[PDB]
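S.K.: Pasting a structure below so you can have a look.
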Ligand SMILES: NC(=O)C1=CN([C@@H]2O[C@H](COP(=O)(O)OP(=O)(O)OC[C@H]3O[C@@H](n4cnc5c(N)ncnc54)[C@H](O)[C@@H]3O)[C@@H](O)[C@H]2O)C=CC1
Ligand SMILES: Cc1cc2nc3c(=O)[nH]c(=O)nc-3n(C[C@H](O)[C@H](O)[C@H](O)COP(=O)(O)O)c2cc1C
Ligand code: SF4
Ligand code: SF4
Ligand code: SF4
Ligand code: SF4
Ligand code: SF4
Ligand code: SF4
Ligand code: SF4
Ligand code: SF4
Ligand code: SF4
Ligand code: FES
Ligand code: FES
Ligand code: FES
Ligand SMILES: [Zn+2]
């Protein structure tokens, strides 16, 4: 292990690594996406198969390694062969010998394994020309999908820990001055300025001090923080060293979940690589600043992401939020000064100090600089990690990047921020996605996960789902979140079952408004945002659900299907799907559904290829 | 000592010291604010969210804050009988009353605020408002026997592992600090049953009276045999040692 | 006897620092599939912390259970993407086929139906995890094959 | 302490007016069981009153953990009834039984010298209870006994 006593040693070792990379540019490196989305999709098998297949090729076998999330999670297992810098999608074990023999050996690019645009009918050889990728600015995730997250050599050769060398020359005052002037606002959804947090932690003279990385990702449907911690933990470690040298902290903690074995193991491996190399421990790079990182791994709890609850969970207590009027930068972990930023906020610090403040502010809008990582999921054609500059319109993320809704159903809403945010209808698709603009609309940037709803998503059911999640994730400390959430769940279960009334809707809005202004922590205060957003923008659905009709066809028994007699192709998949066999149609011809015979369950509507069946109002007359 | 700050509560001007809660300012100014979870002897938690007041700042709108914990560090105007305050108190009172309908305290508060029990929104009424008063009293006493054991609407204050507490003392302070009377401490003869555990009481040798358990007296570490006497009997026994000289 | 030896090994791995309470409880969960009263009492004694704090930490997280789970745990995702794709139908199908509810073990002590907030595989939704294997893009019909195959393989694997 | 309660059991006649005065001042009604002073009547007319003497090293303060027991500026051990949780440890710790518990009000009760105006002293007909400055705690009894030698 090379222990860099001096910054000159780090610079020279990086020079040697770059020199070897230059000589190894001709080597056919194969990198396999081993992030959570593709490991679950069966990419480890492809990794092992490629490792076995490359054995016995020439005197020097082609290199094979694993990487983090490449970004296009909808593509499944992704292997990137460096000999031609070729993007391969949906790679299976059957395709391993063919990939080796044709691409790695014969140089033949497999046409059927390349990405094809479903819109323009074009095949893309490389990842940079993919429309999903072409409309992104991958700045924080620049190394993810191209390096081995466990190999600090890849990180160093890619200008890693060099911003730490710059920070050691700048000094603690200049680092904090450059952070504030970069307008780096916290990427954990709050949007608070990172520079103010670091400065207000340096001002207080109570020692010791700590820096924390909130690797908890409590938002359901969001994985950008986990994918960052798995793609490159060293961009988090370096951030935690810069932010500690700036504020004088000597200890560092990364708070993650035990439910993330990949992230935990890769973060621990990265730390073990850092302490070997002298970047963590004692007398780092001959600067007299000793700093060491640990990893507190908790269980799965939404509230534990909250700062005050995160401190308690680290200390060895249940992660129950506590009401405090003194910020965590003055009395945080063990009542000591503590800087808590999420892993994406920490990862921007090396970018800020490496590429400069002026370059960092050149991105995004005014007061909202840099980039943001979005976990675009839901009903979108394209699902994965989307990183875009601030100020990008939601229409871009959902249509140019996302490709639109699944199949071709009409776009209805986009839930931003998760259970702590609100839905935005199709009318407001030209809003900038920076911090302030989404707040103005009543939604919230929040975690970053964007959920796309189409015509088959009932907004009453969406609000009920979010309320159920917040009921099961409430810590139960304070009366509003403990009980008013149960009241909202009762009201929303009445509406989805046809047992509602207009007075129920009015009481729902009143209860949401009173819950927002009376809860203790951020879970309860923002718990009413989905309900309030659905009420504000989709009140017609609430009125129809009061009348007993669900226009989205989600709430069971509140609708009757209607088969089109023009666009129906007579495939009969709906007939084979109906549990009560209430579908009677011409063989290889238009079909007909009996309103009285149908009960309404939605099984048929999701399998029609023509999308010719939708909800119709029930006949209560007979 | 810092310079006191002048604040106005419902049109009443008063100079309160630094780092003083709004509830203390209302108490010294004669203003009444309803509270459920706050206990002056226990570390405050801010659970019930029932002591809501409006804080109006120069150039800023009124916002709801809990008077039992919100400190007075700047020049603010506090309003306790505002419409928004009344709505928030009605909401919290409805929730608490539906949780504990048989409670006298919550029913009195509802009668004060015109709140009635609703049958539709009464899920599992078990007479516990989760104010954490008993847990904090137990913690401050020294034996940390009881504690919360779930999250969400299923949160409950239980002995550890749902068994007769192995660190309980029998003092009965947890039952004393309880707004809804959910905890029961029954004494029959020389037995005290609290948290479904039986504690043996102490009888003074000349009175037959009881004021504490054997476990409590062993916990306090008072080895004087007079500690087993009841206060009246002990006082009489000590007073007998005074040989008054009538001459 | 051997159970106390395992508890002693797990306790002797970590320091006498109460901040390691949750990690010790997770190691005990992985050793025993649930949290006993005796092991949790030894955990409380080792850190010199009250038992009620250990019980609060143990029952605060839905991962830690007070009764043993099955040999294989079925984690059905209930994330926003999976719910939008039809995760409620998948959960209801598994519940009705196994005649159990969420967070409930079957009578044979083989399957423990559990719901997870997210798995990171939202592209392949609805997604289900049995043991450590992840199944995605699955309908109601696919559930019937997966469950009985995993049960018949579980009995073979254990014995 | 500026002033102290001085008990002379030789002067006591056992009328019990001290208990009634203390209970009237504290509980608002004549209830001798809740008085902070108790007079005990023994054989041969030997009545001795007993009340809290504000021990300078008070076991009751040493045993309380809710912070409800503290010495004020006038060296009087005071109970903060709002801080009392009812553990009754101060009741066990007092070696003389001068600390009781008011179960209806849920607070420990002890003599507080009425914050400087003792009613038991005011309504004692024989001065068996007196309120004298601490610097002359035993001067009056000593002078009364010494006067027996001056009449010689
Ligand atoms: N998975 C995720 O990332 C999720 C994130 N969220 C987001 O969390 C946000 C709520 O954050 P909160 O911590 O409740 O509140 P907040 O937004 O007021 O504060 C955010 C952060 O800024 C710090 N901070 C604020 N003012 C400060 C000051 N003057 N000095 C120093 N530090 C200061 C806080 O301590 C905290 O670390 C919401 O916007 C929500 O969207 C919520 C749910 C999930
Ligand atoms: C209920 C709740 C859950 C939260 N979950 C997370 C989370 O999973 N990840 C995160 O970075 N912040 C989460 N937060 C936000 C934290 O309170 C805090 O803002 C974060 O630890 C630091 O944010 P920053 O990176 O903007 O400084 C959550 C907040 C609340 C109220
Ligand atoms: S709002 Fe909900 S999560 Fe937050 S402290 Fe109150 S009960 Fe707990
Ligand atoms: S599934 Fe659609 S196209 Fe096929 S028979 Fe039914 S209605 Fe017609
Ligand atoms: S909604 Fe259900 S019952 Fe009605 S036609 Fe479709 S599958 Fe059959
Ligand atoms: S048992 Fe009583 S004191 Fe304890 S939380 Fe419940 S209501 Fe409060
Ligand atoms: S009686 Fe037992 S549980 Fe209640 S406060 Fe006393 S020691 Fe704690
Ligand atoms: S009032 Fe005086 S004389 Fe009467 S009982 Fe009390 S101390 Fe004795
Ligand atoms: S209560 Fe008892 S121990 Fe305490 S000061 Fe009075 S006499 Fe002394
Ligand atoms: S009974 Fe009250 S005054 Fe006496 S020790 Fe207990 S808390 Fe303190
Ligand atoms: S001084 Fe006051 S409190 Fe003390 S015994 Fe006399 S009347 Fe009672
Ligand atoms: S996990 Fe592989 S592309 Fe996202
Ligand atoms: S009394 Fe203040 S929140 Fe309960
Ligand atoms: S929503 Fe199911 S894996 Fe994320
Ligand atoms: Zn007695």
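Protein chains in written order, with PDB author numbering: chain B, 1 to 622; chain A, 1 to 247; chain C, 4 to 162; chain E, 1 to 152. All C-beta atoms in this analysis are idealised placements derived from N, C-alpha and C, irrespective of residue type, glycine included.
1) With DSSP run on the structure shown, which of helix, strand or coil describes residue 75 of chain A?
2) Rounded to the nearest angstrom, what separates residue 25 of chain C and residue 438 of chain B at their Cα positions?
3) Name the DSSP bridge partner or partners of residue 6 of chain A?
4) Between which two residues does the alpha helix (DSSP H) containing residue 152 of chain B stretch?
5) Reducing DSSP to helix, strand and coil, say where residue 419 of chain B ends up.
6) Going by CA-CA distance only, name the one from E:59, E:66, E:5 and E:118 that's closest to residue 42 of chain A.
7) To the nearest angstrom, how far is it from the Cα of residue 66 of chain C to the Cα of residue 109 of chain C?
8) Check whether the Cβ of residue 130 of chain C lies closer than 7 Å to any heavy atom of ligand 14, and answer yes or no.
9) From the DSSP output, in three-state form, read off residue 542 of chain B for me.
10) Using 8 Å for Cβ pairs, my map puts residue 46 of chain C next to residue 14 of chain C. What's the rounded Cβ distance?
11) On the three-state DSSP scale, how would you describe residue 46 of chain C?
12) Beta-carbon of residue 308 of chain B versus every beta-carbon of chain C: anything under 8 Å?
13) Residues of chain B with a CB under 9 Å from the CB of residue 39 of chain C: which are they?
14) I think residue 319 of chain B touches residue 333 of chain B, with their Cβ atoms under 8 Å apart; what is that distance to the nearest whole Å?
15) If we cut at 8 Å on Cβ distances, does residue 114 of chain C have a partner in chain B?
16) Buried or exposed, going by whether 16 or more other CB atoms sit within 10 Å of the CB of residue 89 of chain A?
17) Closer than 8 Å is the cut-off here; do at least three beta carbon pairs connect the stretch 204-222 of chain B with the stretch 241-260 of chain B?
18) Does any heavy atom of ligand 10 sit closer than 7 Å to the C-beta of residue 69 of chain E?
19) Please return the same chain residues whose Cβ sits closer than 6 Å to the Cβ of residue 86 of chain C, not counting the five positions on each side in sequence.
20) With 16 as the cutoff for other CB atoms within 10 Å, does residue 3 of chain B come out buried or exposed?
21) Quick check: is the beta carbon of residue 160 of chain A nearer than 8 Å to any beta carbon in chain B?
22) Any residues in the stretch 84-110 of chain A with a beta carbon nearer than 7 Å to a beta carbon of chain B? Which ones, in chain order?
23) Since residue 627 of chain B meets chain A, which of its residues come closer than 7 Å, beta carbon to beta carbon?
24) Using a Cβ cut-off of 8 Å (strictly closer), state whether residue 218 of chain A contacts chain B.
25) Whose C-beta lies closer than 6 Å to the C-beta of residue 302 of chain B among residues of the same chain, with five residues either side of it excluded?
26) I believe residue 270 of chain B touches residue 234 of chain B by the beta-carbon criterion, under 8 Å. Please report the beta-carbon distance rounded to the nearest angstrom.
27) Taking 7 Å as the line, does the beta carbon of residue 289 of chain B fall inside it for any heavy atom of ligand 2?
28) Whose CA, out of A:164, A:195, A:6 and A:81, lies closest to the CA of residue 53 of chain A?
29) Using the Cα positions of residue 124 of chain A and residue 514 of chain B, report the straight-line distance between them to the nearest angstrom.
30) Can residue 480 of chain B and residue 117 of chain A be called in contact, C-beta distance under 8 Å?
31) Could you check what DSSP says for residue 142 of chain E in three-state terms: helix, strand or coil?
32) By alpha-carbon positions, which one of A:59, A:4, A:20 and A:182 ends up nearest to residue 104 of chain A?
33) What did DSSP end up calling residue 139 of chain C once you bin it into helix, strand or coil?
34) If contact is defined by three or more beta carbon pairs under 8 Å, each pair taking one atom from either stretch, is the stretch 46-65 of chain B in contact with the stretch 25-35 of chain B?
35) Please report how far the alpha carbon of residue 101 of chain C lies from the alpha carbon of residue 77 of chain C, in whole angstroms.
36) Report yes or no: is there a C-beta of chain C within less than 8 Å of the C-beta of residue 465 of chain B?
M.R.: Let me lay it out:
1) coil
2) 37 Å
3) A:15
4) 152-157
5) helix
6) E:66
7) 17 Å
8) yes
9) helix
10) 7 Å
11) helix
12) no
13) Those do not exist, as residue 39 of chain C stays about 18 Å from chain B at its closest Cβ, beyond 9 Å.
14) Not really, about 13 Å apart at Cβ, beyond 8 Å.
15) no
16) buried
17) yes
18) yes
19) none
20) exposed
21) no
22) 87, 88, 91, 92, 95, 96 and 99
23) Only positions 1 to 622 of chain B appear in the structure, and residue 627 of chain B is not among them; the question remains open.
24) no
25) 218 and 473
26) 5 Å
27) no
28) A:81
29) 22 Å
30) no
31) helix
32) A:182
33) strand
34) yes
35) 11 Å
36) yes
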